[PDB]
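S.K.: Next comes model.cif, mmCIF, C-alpha atoms:
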```cif
data_input
loop_
_atom_site.label_atom_id
_atom_site.label_comp_id
_atom_site.auth_asym_id
_atom_site.auth_seq_id
_atom_site.Cartn_x
_atom_site.Cartn_y
_atom_site.Cartn_z
CA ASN K 111 -6.92 -47.10 -28.24
CA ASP K 112 -4.00 -49.54 -28.41
CA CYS K 113 -6.14 -52.36 -29.83
CA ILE K 114 -7.92 -52.42 -33.19
CA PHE K 115 -9.20 -55.96 -33.73
CA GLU K 116 -12.92 -55.44 -34.48
CA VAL K 117 -12.95 -57.54 -37.64
CA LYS K 118 -15.48 -56.44 -40.24
CA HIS K 119 -17.88 -59.00 -41.71
CA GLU K 120 -19.23 -57.41 -44.90
CA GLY K 121 -18.38 -55.04 -47.72
CA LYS K 122 -21.43 -53.13 -46.51
CA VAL K 123 -20.24 -52.79 -42.93
CA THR K 124 -22.95 -53.18 -40.28
CA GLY K 125 -21.23 -53.76 -36.95
CA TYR K 126 -18.04 -55.62 -36.06
CA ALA K 127 -16.99 -58.88 -34.42
CA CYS K 128 -14.43 -58.99 -31.64
CA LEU K 129 -11.96 -61.35 -29.97
CA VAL K 130 -11.93 -61.28 -26.16
CA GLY K 131 -10.92 -63.87 -23.58
CA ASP K 132 -10.81 -67.11 -25.53
CA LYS K 133 -13.90 -66.36 -27.64
CA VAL K 134 -14.91 -64.48 -30.76
CA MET K 135 -18.34 -62.86 -30.52
CA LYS K 136 -20.60 -60.57 -32.54
CA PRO K 137 -24.15 -59.24 -32.14
CA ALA K 138 -26.75 -61.55 -33.65
CA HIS K 139 -28.91 -58.76 -35.14
CA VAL K 140 -26.51 -57.77 -37.95
CA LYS K 141 -26.36 -59.87 -41.12
CA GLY K 142 -23.25 -60.87 -43.04
CA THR K 143 -20.57 -63.56 -43.15
CA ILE K 144 -17.51 -62.71 -41.08
CA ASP K 145 -14.47 -61.81 -43.18
CA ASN K 146 -10.78 -62.81 -42.84
CA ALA K 147 -11.85 -66.24 -44.19
CA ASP K 148 -10.56 -67.95 -41.04
CA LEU K 149 -13.42 -66.91 -38.76
CA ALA K 150 -15.89 -67.47 -41.61
CA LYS K 151 -15.60 -71.27 -41.36
CA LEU K 152 -16.07 -71.12 -37.57
CA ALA K 153 -19.38 -72.45 -36.26
CA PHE K 154 -21.26 -69.90 -34.16
CA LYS K 155 -23.48 -70.54 -31.15
CA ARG K 156 -26.38 -68.08 -31.30
CA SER K 157 -28.53 -66.55 -28.56
CA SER K 158 -31.49 -64.38 -29.57
CA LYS K 159 -32.38 -63.43 -25.99
CA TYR K 160 -28.77 -62.25 -25.70
CA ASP K 161 -28.50 -61.22 -29.38
CA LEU K 162 -25.02 -62.67 -29.82
CA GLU K 163 -23.22 -65.41 -31.74
CA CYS K 164 -19.94 -66.63 -30.25
CA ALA K 165 -17.29 -69.23 -31.02
CA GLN K 166 -13.92 -70.47 -29.83
CA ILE K 167 -10.95 -68.64 -31.36
CA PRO K 168 -8.40 -70.76 -33.24
CA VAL K 169 -5.24 -71.05 -31.17
CA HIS K 170 -2.94 -69.40 -33.73
CA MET K 171 -5.01 -66.19 -33.52
CA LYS K 172 -6.07 -66.19 -29.85
CA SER K 173 -2.96 -64.21 -28.88
CA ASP K 174 -4.75 -61.40 -30.72
CA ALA K 175 -7.69 -61.62 -28.31
CA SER K 176 -8.21 -58.73 -25.92
CA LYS K 177 -8.14 -59.00 -22.14
CA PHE K 178 -11.34 -59.61 -20.17
CA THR K 179 -12.66 -58.52 -16.77
CA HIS K 180 -16.19 -58.52 -15.37
CA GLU K 181 -15.58 -55.86 -12.72
CA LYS K 182 -17.10 -52.45 -13.52
CA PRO K 183 -16.36 -49.47 -11.28
CA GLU K 184 -18.65 -46.47 -11.53
CA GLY K 185 -17.06 -43.83 -13.74
CA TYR K 186 -15.43 -43.35 -17.11
CA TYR K 187 -14.27 -45.89 -19.69
CA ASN K 188 -12.92 -45.64 -23.23
CA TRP K 189 -14.03 -47.05 -26.58
CA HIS K 190 -13.41 -46.27 -30.25
CA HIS K 191 -15.70 -43.29 -30.54
CA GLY K 192 -14.67 -41.71 -27.25
CA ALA K 193 -15.67 -41.94 -23.59
CA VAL K 194 -18.48 -43.86 -21.90
CA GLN K 195 -19.96 -42.98 -18.51
CA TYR K 196 -20.96 -45.92 -16.30
CA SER K 197 -23.50 -44.38 -13.90
CA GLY K 198 -26.19 -46.30 -12.05
CA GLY K 199 -24.99 -49.51 -13.67
CA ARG K 200 -25.74 -48.00 -17.09
CA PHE K 201 -23.44 -46.85 -19.89
CA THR K 202 -24.12 -43.51 -21.58
CA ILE K 203 -22.47 -41.46 -24.32
CA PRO K 204 -23.03 -38.00 -25.81
CA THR K 205 -25.88 -37.93 -28.32
CA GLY K 206 -24.75 -38.55 -31.89
CA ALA K 207 -21.47 -40.26 -30.97
CA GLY K 208 -23.01 -43.62 -31.90
CA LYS K 209 -24.84 -44.46 -35.12
CA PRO K 210 -26.12 -47.64 -36.78
CA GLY K 211 -23.05 -49.59 -37.83
CA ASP K 212 -20.86 -49.24 -34.72
CA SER K 213 -22.44 -52.23 -32.97
CA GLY K 214 -20.12 -54.89 -31.60
CA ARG K 215 -17.38 -52.47 -30.56
CA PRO K 216 -15.80 -53.51 -27.23
CA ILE K 217 -15.75 -51.14 -24.27
CA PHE K 218 -12.45 -51.08 -22.40
CA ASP K 219 -11.51 -50.13 -18.85
CA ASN K 220 -8.49 -48.05 -17.81
CA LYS K 221 -6.29 -51.16 -18.09
CA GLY K 222 -7.58 -51.90 -21.60
CA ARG K 223 -9.74 -54.86 -20.57
CA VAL K 224 -13.09 -55.51 -22.23
CA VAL K 225 -16.13 -55.09 -20.01
CA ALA K 226 -18.97 -54.75 -22.55
CA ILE K 227 -20.02 -54.85 -26.21
CA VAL K 228 -22.32 -52.11 -27.52
CA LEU K 229 -25.54 -53.09 -29.29
CA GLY K 230 -27.46 -49.82 -29.55
CA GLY K 231 -28.52 -46.60 -27.90
CA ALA K 232 -31.55 -44.64 -26.73
CA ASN K 233 -31.84 -40.87 -27.19
CA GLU K 234 -32.54 -38.77 -24.08
CA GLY K 235 -31.78 -35.12 -24.79
CA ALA K 236 -28.04 -34.50 -24.89
CA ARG K 237 -27.22 -38.07 -23.81
CA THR K 238 -27.83 -41.61 -25.05
CA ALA K 239 -28.11 -44.72 -22.90
CA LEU K 240 -26.48 -47.87 -24.27
CA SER K 241 -28.23 -51.18 -24.81
CA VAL K 242 -25.18 -53.34 -24.28
CA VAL K 243 -24.04 -56.91 -23.70
CA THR K 244 -22.01 -57.16 -20.49
CA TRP K 245 -21.20 -59.81 -17.89
CA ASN K 246 -21.45 -60.65 -14.26
CA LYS K 247 -19.48 -63.38 -12.53
CA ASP K 248 -19.62 -66.26 -15.02
CA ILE K 249 -22.79 -65.26 -16.97
CA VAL K 250 -23.49 -63.08 -19.98
CA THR K 251 -26.23 -60.43 -19.61
CA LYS K 252 -27.94 -57.62 -21.57
CA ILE K 253 -28.98 -54.08 -20.58
CA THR K 254 -31.69 -52.52 -22.76
CA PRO K 255 -32.87 -49.04 -21.75
CA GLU K 256 -36.39 -48.20 -22.89
CA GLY K 257 -36.77 -47.02 -26.48
CA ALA K 258 -33.32 -48.09 -27.67
CA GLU K 259 -33.14 -48.95 -31.36
CA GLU K 260 -30.61 -51.46 -32.59
CA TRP K 261 -27.27 -50.40 -34.03
CA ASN E 111 19.49 -70.80 -8.56
CA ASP E 112 21.20 -73.97 -9.83
CA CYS E 113 18.74 -76.43 -8.27
CA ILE E 114 18.29 -78.15 -11.65
CA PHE E 115 19.56 -81.67 -12.36
CA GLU E 116 19.95 -82.85 -15.94
CA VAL E 117 18.10 -85.86 -17.28
CA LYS E 118 20.31 -87.40 -19.88
CA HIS E 119 19.21 -90.00 -22.39
CA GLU E 120 21.76 -92.33 -23.87
CA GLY E 121 23.09 -89.85 -26.38
CA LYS E 122 21.68 -86.46 -25.41
CA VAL E 123 19.92 -84.43 -22.73
CA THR E 124 16.17 -85.02 -22.85
CA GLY E 125 14.79 -83.25 -19.78
CA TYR E 126 15.36 -81.61 -16.43
CA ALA E 127 14.53 -82.62 -12.87
CA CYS E 128 14.12 -80.17 -10.01
CA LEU E 129 14.14 -80.26 -6.21
CA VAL E 130 10.93 -78.65 -4.92
CA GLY E 131 10.19 -78.76 -1.21
CA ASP E 132 10.86 -82.28 0.03
CA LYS E 133 10.55 -83.98 -3.37
CA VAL E 134 12.44 -84.29 -6.64
CA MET E 135 10.09 -83.88 -9.60
CA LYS E 136 10.62 -84.70 -13.28
CA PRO E 137 8.35 -84.76 -16.34
CA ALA E 138 7.11 -88.32 -16.73
CA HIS E 139 7.32 -88.04 -20.53
CA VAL E 140 11.11 -87.52 -20.48
CA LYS E 141 13.07 -90.75 -21.05
CA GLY E 142 16.58 -90.75 -19.63
CA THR E 143 18.75 -91.10 -16.56
CA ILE E 144 19.15 -88.66 -13.68
CA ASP E 145 22.60 -87.06 -13.60
CA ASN E 146 23.08 -87.85 -9.90
CA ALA E 147 23.49 -91.54 -9.06
CA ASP E 148 21.81 -91.31 -5.64
CA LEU E 149 18.70 -89.93 -7.35
CA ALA E 150 18.84 -92.10 -10.48
CA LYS E 151 18.94 -95.19 -8.25
CA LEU E 152 16.31 -93.92 -5.79
CA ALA E 153 13.02 -95.79 -6.20
CA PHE E 154 10.93 -93.48 -8.26
CA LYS E 155 7.18 -93.07 -8.72
CA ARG E 156 5.05 -92.32 -11.80
CA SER E 157 1.72 -90.56 -12.40
CA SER E 158 0.50 -90.20 -15.99
CA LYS E 159 -2.66 -88.25 -15.12
CA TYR E 160 -0.57 -85.14 -14.43
CA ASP E 161 2.40 -86.36 -16.52
CA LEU E 162 4.55 -86.00 -13.41
CA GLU E 163 7.27 -88.20 -12.02
CA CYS E 164 8.07 -87.92 -8.30
CA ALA E 165 10.46 -89.11 -5.64
CA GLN E 166 11.21 -88.06 -2.08
CA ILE E 167 14.38 -86.01 -1.68
CA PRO E 168 17.13 -87.53 0.49
CA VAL E 169 16.96 -84.38 2.60
CA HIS E 170 19.92 -85.45 4.74
CA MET E 171 22.27 -84.58 1.86
CA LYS E 172 20.03 -82.40 -0.38
CA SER E 173 19.37 -79.25 1.66
CA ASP E 174 19.44 -76.96 -1.41
CA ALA E 175 15.93 -77.82 -2.62
CA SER E 176 13.98 -74.83 -3.87
CA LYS E 177 11.03 -73.38 -1.99
CA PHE E 178 7.54 -73.22 -3.46
CA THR E 179 4.28 -71.28 -3.30
CA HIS E 180 0.79 -72.07 -4.59
CA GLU E 181 -0.29 -68.43 -4.99
CA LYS E 182 -0.59 -67.25 -8.60
CA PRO E 183 -1.09 -63.48 -8.70
CA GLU E 184 -1.38 -61.85 -12.11
CA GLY E 185 1.82 -60.60 -13.70
CA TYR E 186 5.41 -61.41 -14.56
CA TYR E 187 7.55 -64.34 -13.41
CA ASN E 188 10.97 -65.88 -14.26
CA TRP E 189 11.67 -68.88 -16.57
CA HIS E 190 15.47 -69.16 -17.00
CA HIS E 191 14.68 -67.96 -20.51
CA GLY E 192 13.05 -64.56 -19.99
CA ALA E 193 9.89 -63.26 -18.40
CA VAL E 194 6.67 -65.27 -18.44
CA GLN E 195 3.41 -63.34 -18.31
CA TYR E 196 0.84 -65.12 -16.14
CA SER E 197 -2.46 -63.76 -17.44
CA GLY E 198 -5.88 -65.20 -16.72
CA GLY E 199 -5.37 -68.90 -16.15
CA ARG E 200 -2.53 -69.14 -18.67
CA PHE E 201 1.19 -68.49 -18.99
CA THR E 202 2.48 -66.67 -22.08
CA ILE E 203 6.08 -66.76 -23.29
CA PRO E 204 7.98 -65.15 -26.18
CA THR E 205 7.83 -67.70 -28.97
CA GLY E 206 11.60 -67.98 -29.34
CA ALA E 207 12.39 -68.61 -25.67
CA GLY E 208 11.47 -72.29 -25.34
CA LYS E 209 12.51 -75.39 -27.26
CA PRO E 210 11.52 -79.07 -27.07
CA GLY E 211 13.74 -81.01 -24.69
CA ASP E 212 13.83 -78.13 -22.19
CA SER E 213 10.88 -79.41 -20.15
CA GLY E 214 11.22 -79.64 -16.38
CA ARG E 215 12.55 -76.14 -15.74
CA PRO E 216 10.46 -74.51 -12.99
CA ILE E 217 8.92 -71.05 -13.09
CA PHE E 218 10.13 -68.68 -10.37
CA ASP E 219 8.20 -65.87 -8.74
CA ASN E 220 9.88 -62.57 -7.85
CA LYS E 221 10.85 -64.07 -4.47
CA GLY E 222 12.78 -66.99 -5.97
CA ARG E 223 10.01 -69.49 -5.19
CA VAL E 224 8.81 -72.16 -7.62
CA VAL E 225 5.22 -71.57 -8.75
CA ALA E 226 4.81 -73.99 -11.66
CA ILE E 227 6.73 -76.50 -13.77
CA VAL E 228 6.68 -76.29 -17.56
CA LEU E 229 5.61 -79.57 -19.15
CA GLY E 230 5.26 -78.15 -22.65
CA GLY E 231 3.87 -75.42 -24.82
CA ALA E 232 1.67 -74.51 -27.75
CA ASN E 233 2.74 -72.54 -30.81
CA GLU E 234 0.38 -69.67 -30.11
CA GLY E 235 1.32 -67.14 -32.81
CA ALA E 236 2.75 -63.86 -31.53
CA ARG E 237 3.55 -65.80 -28.34
CA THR E 238 3.58 -69.37 -27.08
CA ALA E 239 1.16 -70.72 -24.49
CA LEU E 240 2.83 -72.61 -21.65
CA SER E 241 1.31 -75.91 -20.53
CA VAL E 242 2.48 -76.29 -16.94
CA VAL E 243 1.92 -78.22 -13.73
CA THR E 244 0.95 -76.03 -10.78
CA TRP E 245 -0.60 -76.67 -7.39
CA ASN E 246 -3.30 -75.33 -5.11
CA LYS E 247 -2.97 -75.34 -1.32
CA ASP E 248 -3.26 -79.15 -1.15
CA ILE E 249 -3.49 -80.59 -4.68
CA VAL E 250 -1.67 -80.40 -8.01
CA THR E 251 -3.30 -79.48 -11.32
CA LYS E 252 -2.09 -79.36 -14.92
CA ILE E 253 -2.83 -76.42 -17.22
CA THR E 254 -2.96 -77.51 -20.87
CA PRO E 255 -3.75 -74.78 -23.40
CA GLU E 256 -5.35 -76.13 -26.56
CA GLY E 257 -2.97 -77.21 -29.30
CA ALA E 258 -0.11 -77.90 -26.89
CA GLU E 259 2.32 -80.46 -28.28
CA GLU E 260 4.77 -82.45 -26.20
CA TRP E 261 8.15 -81.04 -25.17
CA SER Y 372 -49.42 -99.22 -35.85
CA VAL Y 373 -51.12 -95.99 -34.76
CA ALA Y 374 -50.20 -96.55 -31.11
CA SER Y 375 -46.60 -97.44 -32.00
CA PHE Y 376 -46.29 -94.33 -34.18
CA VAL Y 377 -47.79 -92.12 -31.47
CA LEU Y 378 -45.51 -93.51 -28.76
CA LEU Y 379 -42.39 -93.28 -30.94
CA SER Y 380 -43.32 -89.70 -31.85
CA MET Y 381 -43.76 -88.89 -28.15
CA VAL Y 382 -40.33 -90.37 -27.40
CA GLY Y 383 -38.80 -88.36 -30.25
CA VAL Y 384 -40.45 -85.16 -29.03
CA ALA Y 385 -39.18 -85.87 -25.51
CA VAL Y 386 -35.58 -86.38 -26.62
CA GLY Y 387 -35.65 -83.43 -29.02
CA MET Y 388 -37.00 -80.99 -26.46
CA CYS Y 389 -34.55 -82.41 -23.92
CA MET Y 390 -31.90 -81.38 -26.44
CA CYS Y 391 -33.58 -77.96 -26.64
CA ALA Y 392 -33.40 -77.63 -22.84
CA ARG Y 393 -29.74 -78.69 -22.99
CA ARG Y 394 -28.97 -76.01 -25.58
CA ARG Y 395 -30.80 -73.30 -23.63
CA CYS Y 396 -29.09 -74.24 -20.36
CA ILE Y 397 -25.65 -74.59 -21.96
CA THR Y 398 -25.34 -71.69 -24.44
CA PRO Y 399 -24.79 -68.96 -21.78
CA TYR Y 400 -21.85 -70.93 -20.38
CA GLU Y 401 -20.41 -71.29 -23.89
CA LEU Y 402 -20.74 -67.53 -24.38
CA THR Y 403 -18.99 -66.54 -21.15
CA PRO Y 404 -15.17 -66.53 -21.45
CA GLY Y 405 -13.39 -68.84 -19.04
CA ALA Y 406 -16.23 -71.39 -19.25
CA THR Y 407 -15.82 -72.68 -15.69
CA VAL Y 408 -18.62 -75.22 -16.02
CA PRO Y 409 -19.03 -77.18 -12.76
CA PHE Y 410 -18.23 -80.87 -13.11
CA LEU Y 411 -21.66 -81.94 -11.83
CA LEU Y 412 -23.41 -79.81 -14.45
CA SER Y 413 -21.15 -81.24 -17.16
CA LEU Y 414 -22.12 -84.75 -16.07
CA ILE Y 415 -25.83 -83.91 -15.96
CA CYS Y 416 -26.00 -82.20 -19.36
CA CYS Y 417 -23.39 -84.51 -20.96
CA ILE Y 418 -21.08 -81.84 -22.36
CA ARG Y 419 -17.40 -81.42 -23.15
CA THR Y 420 -15.31 -78.60 -21.76
CA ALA Y 421 -13.72 -75.97 -23.99
CA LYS Y 422 -10.58 -75.55 -21.85
CA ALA Y 423 -9.83 -79.31 -21.69
#
```
If you took the structure in this file and wrote it as structure tokens, what would it be?

M.R.:
Amino acid sequence: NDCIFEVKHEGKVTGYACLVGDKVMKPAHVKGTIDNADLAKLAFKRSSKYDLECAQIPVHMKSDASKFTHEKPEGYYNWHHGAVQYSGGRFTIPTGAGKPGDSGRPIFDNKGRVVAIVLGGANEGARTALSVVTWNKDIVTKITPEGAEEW
Amino acid sequence: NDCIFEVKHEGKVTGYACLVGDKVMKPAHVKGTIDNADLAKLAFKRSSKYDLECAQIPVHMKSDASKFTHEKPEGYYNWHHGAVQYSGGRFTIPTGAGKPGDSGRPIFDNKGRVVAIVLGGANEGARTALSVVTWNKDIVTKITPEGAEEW
Amino acid sequence: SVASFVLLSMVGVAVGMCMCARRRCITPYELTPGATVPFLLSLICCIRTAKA
């Protein structure tokens, strides 16, 4: 909504990297060398079981980082392509709202604070369940509904 | 208001000392003389771990010392130079509000109570990060954002 | 020579896979913003903190 900071990483865009808290992160499944030429020289810590590379933001740019909160009420949140329903601890969107290439987009709460980063979706009828990187208190985690392909 | 005593070096003002609770506090990095003779003379104690410089207030004739509070709820506070935004574990300030040599000015809450003491800052970009000395219920701590240079 | 090579290789494998265990145990903390690593864990795994 009020924040567009998902920096692209390739002329052939496949996902986006984001600044949140004091860290830049991006999904580890999408190839490319991050653009802007300042984050490109940054060294990334990679996790395949979490499918994410992350690094510390340079200070001069970390004012651009979005707010962070781990607390996730049941209900509606907002992201770039619309609204996300958090039901049963799982994020879902209308079918077709997400396609390959929108991975790495932060999910915001009503205050505009990041709570999750989308990785992919799984098609169930008129809805799609999100395979997504989220957090609990001081620990990154991943939610992968069955049959989700990677975005 | 007006609980601030000037620390003057030989040819200029270098810092600021404040009366918090029962003690007068000054930044240990500031070289100069206390404006008041009874405090400049008063045997004065040094701690470089927190870059803080303490003495006990002569409370018999200094009853105007400011009151304090260790609670740090999220949101806006007062800095004698505008509003400071306490977000996460950091303080953020408009980049043009602070200048070197202004260290020692406390941060006020909305109740007029001292919450933290600015020891310096970091050129942060759209803002400036504020490296301060705060306290918990029983102990002091120093918050130093990365890249903070001395003030 | 064979015994010395075998023992040195075992020591190298031990230290390298200790480094692997360090990386596996440490990466999730370096991914989580705030990075409130407990001091005891920092001593055990011999790390530096990101927030100073």

S.K.: Least-squares superposition of chain K on chain E, all Cα atoms, in-order pairing: what RMSD comes out, in Å?

M.R.: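 When all C-alpha atoms are superposed, the deviation is 1.7 Å.
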
S.K.: List as a tab-separated table (two decimals) with C-alpha atoms, in the coordinates of the input the protein and nucleic acid residues near range 150-163 of chain K, meaning an atom at most 7 Å away when only C-alpha atoms are counted, but skip any in the same chain fewer than 4 places from it.

M.R.:
```tsv
chain	number	residue	atom	x	y	z
K	135	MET	CA	-18.34	-62.86	-30.52
K	136	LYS	CA	-20.60	-60.57	-32.54
K	137	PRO	CA	-24.15	-59.24	-32.14
K	138	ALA	CA	-26.75	-61.55	-33.65
K	139	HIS	CA	-28.91	-58.76	-35.14
K	143	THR	CA	-20.57	-63.56	-43.15
K	144	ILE	CA	-17.51	-62.71	-41.08
K	145	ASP	CA	-14.47	-61.81	-43.18
K	251	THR	CA	-26.23	-60.43	-19.61
K	252	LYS	CA	-27.94	-57.62	-21.57
```

S.K.: For residue 180 in chain K, please output as JSON, numbers by chain all residues within 7 Å (counting all atoms listed in the file; exclusion window: fewer than 4 positions along the same chain).

M.R.: {"K": [225, 245, 246, 247]}

S.K.: I need the residue set behind the PyMOL selection byres ((chain E) within 8 of (chain K)) for this file; please write it as a PyMOL selection string.

M.R.: chain E and resi 233-237+256-257

S.K.: Run the PyMOL selection byres ((chain K) within 7 of (chain Y)) mentally over the shown coordinates, then write out the matched residues as JSON, numbers by chain, using the chain letters and numbers from the document.

M.R.: {"K": [131, 132, 133, 164, 248, 249, 250]}

S.K.: Hey, can you check how far CA of residue 181 in chain K sits from CA of residue 117 in chain K?

M.R.: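 Separation of CA of residue 181 in chain K and CA of residue 117 in chain K: 25.1 Å.
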
S.K.: With all atoms listed in the file as the basis for distance, which of E:194, E:232, E:226, E:130 is at the shortest distance from residue 209 in chain E?

M.R.: E:232

S.K.: Could you tell me how far CA of residue 202 in chain E sits from CA of residue 229 in chain E, in Å to one decimal place?

M.R.: 13.6 Å

S.K.: Could you work out how far CA of residue 165 in chain K lies from CA of residue 183 in chain E, giving the answer in Å with one decimal?

M.R.: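 Result for CA of residue 183 in chain E versus CA of residue 165 in chain K: 28.2 Å, one decimal.
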
S.K.: As lines of an AutoDock Vina configuration file, please: the centre and edge lengths in Å, to one decimal, of an axis-aligned box enclosing every listed atom of range 247-258 of chain K with 6 Å added on each side.

M.R.:
```
center_x = -28.1
center_y = -56.6
center_z = -20.1
size_x = 29.3
size_y = 31.2
size_z = 27.1
```

S.K.: Go ahead and find all residues with at least one atom no further than 9 Å from (8.0, -58.8, -12.6) in the file's coordinates, using all atoms listed in the file; report them as an MDAnalysis selection string.

M.R.: chainID E and resid 185:188 193:195 219:220

S.K.: The PyMOL selection byres ((chain E and resi 258) around 7) - which residues does that actually catch in the file I just gave you? List them as a PDB file with C-alpha atoms, keeping the file's coordinate frame.

M.R.:
```pdb
ATOM      1  CA  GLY E 230       5.260 -78.150 -22.650  1.00  0.00           C
ATOM      2  CA  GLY E 231       3.870 -75.420 -24.820  1.00  0.00           C
ATOM      3  CA  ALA E 232       1.670 -74.510 -27.750  1.00  0.00           C
ATOM      4  CA  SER E 241       1.310 -75.910 -20.530  1.00  0.00           C
ATOM      5  CA  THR E 254      -2.960 -77.510 -20.870  1.00  0.00           C
ATOM      6  CA  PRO E 255      -3.750 -74.780 -23.400  1.00  0.00           C
ATOM      7  CA  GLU E 256      -5.350 -76.130 -26.560  1.00  0.00           C
ATOM      8  CA  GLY E 257      -2.970 -77.210 -29.300  1.00  0.00           C
ATOM      9  CA  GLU E 259       2.320 -80.460 -28.280  1.00  0.00           C
ATOM     10  CA  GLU E 260       4.770 -82.450 -26.200  1.00  0.00           C
TER      11      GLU E 260
END
```
